[PDB]
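There is one chain below, alone, in structure tokens, taken in the form deposited in one PDB entry.
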């Protein structure tokens, strides 16, 4: 019965210490975390360039409310398509070298709407095995067939694309992977994708704004233009939302068939003004300064881990993992760090694969070398 169904499931999660509870925070983004009116250095957020508290971004969010009120009033297919929404999309499309952009309320929504609109039961989705849960979930629910290729294995991907297919195939991967921080062999991936008349879909949540010239992300940097690029704004951009970069025809296609775009309220125009300002910083000289400082900090942290008995879970991005060599995967070293002012976190399956529960540390440009020195200090010891 319903409650038995509920209760059992909850019981199974308990049994693996797979149980998640939220902790309420006063501040969760950027240099500092504030919890229980207790300040910690924050190594758990996704605010990679420290824009969540940029004065200009804050101001565009406030002024926009002054100008546009809050709610958009409806769907972009009725009276909810603001000129500010339009401008943001044009600016995004201009920035990344695409003909069109389409705003979504979230990255999760964008990925699922694309995969749902475009894939049919005859089709195939070849996705990296560590692709984000919104992609895999959706490809899973899709009536299309889903095949995963081993992480970054272009050989394997080739084998899956080569397999006789009744319909079309979509390759999907990430620019900067969620949990490991590594990148995908994009030029190599796109060439086998192309060889099989595939289309490539790249999710650059974790690279967008943070690498490449003008922070244009993983695809620009690597000289690849996937037919679909998803960019999401709740990380480096410091806000919320997402967009789908694509051609004019695919764009038109997505406007007809992507329910999340048709049957969902558009974002408040003021949120969109905030995103445009964020884009401005990211493409600005301040944008470069922030990217370079983040790189400086990564270097610093990474060199520091050399004198340490841990996993330098080879990452050049703001994401620096640490697999679990023991931890009521839930916590420690995690707590030790926490008690010492370094707010860190334990990431466990199903989010992570296997005996792979971990410390997913993230650096940001809001941090300072003395913050990193401390996290180094505390991983090393001191008290």
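C-alpha atoms forming the largest set that superposes within 1.5 Å between two forms make up the rigid core. Positions refer to the first chain, counted from 1.
Would 218-226 or 204-212 have the larger average of its C-alpha temperature factors, as given in the entry? Between 204-212 and 218-226, it is 218-226 that shows the higher mean C-alpha B-factor.
Average Cα temperature factor in the PDB entry - higher stretch of 232-240, 188-196: Stretch with the higher mean C-alpha B-factor: 188-196.
Most elevated Cα B-factor in the entry, residues 309, 164, 167, 74: In this record, 309 carries the highest C-alpha B-factor of the candidates.
Compare the CA B factors listed in the entry for 316, 41, 57, 356 and report the winner. Checking the PDB record, the top C-alpha B-factor among 316, 41, 57, 356 is at 356.
Lowest, middle or highest third: which one holds residue 32 when the chain's residues are ordered by CA B-factor from the entry? Ranked within chain, residue 32 CA B lands in the middle tercile.
Would you please rank residue 68 by its C-alpha temperature factor against the other modelled residues of its chain and give the third it falls in: lowest, middle or highest? It falls in the top third of the chain.
For residue 9, return the chain-relative third of its C-alpha B-factor as stated in the PDB record: lowest, middle or highest. Residue 9: CA B-factor falls in the highest third of its chain.
Lowest, middle or highest third: where is residue 332 by Cα B-factor in its chain? Highest third.
For residue 20, return the chain-relative third of its C-alpha B-factor as stated in the PDB record: lowest, middle or highest. As the PDB entry reports it, the C-alpha B-factor of residue 20 lands in the highest third of its chain.
The form deposited in another entry exists for this protein as well; it is not shown, and the discussion that follows is about that form.
With the two forms superposed on the core, which of 322, 41, 319, 60 shows a CA shift of 2 angstroms or more between this form and the one not shown? Shifted by 2 Å or more: 322 only.
Can we say the CA of residue 351 moves by at least 2 Å between this form and the one not shown when the core is superposed? Residue 351: C-alpha displaced by 2 Å or more between this form and the one not shown.
Can we say the CA of residue 29 moves by at least 2 Å between this form and the one not shown when the core is superposed? Comparing the forms between this form and the one not shown, which are aligned on their rigid core, residue 29 does not shift its C-alpha by 2 Å or more.
C-alpha of residue 332 off by 2 Å or more between this form and the one not shown on rigid core: Where the cores coincide, residue 332 still shows a C-alpha shift between this form and the one not shown that is 2 Å or more.
Could you tell me whether residue 330 and residue 371 have their C-alpha atoms closer or farther apart in that other deposited form than in the shown form, knowing the shift is 3 angstroms or more? Pair moves closer in that other deposited form.
Specify closer or farther for residue 323 and residue 307: how their Cα atoms are spaced in that other deposited form versus the shown form, given a shift of 3 angstroms or more. Compared with the shown chain, residue 323-residue 307 is closer in that other deposited form.
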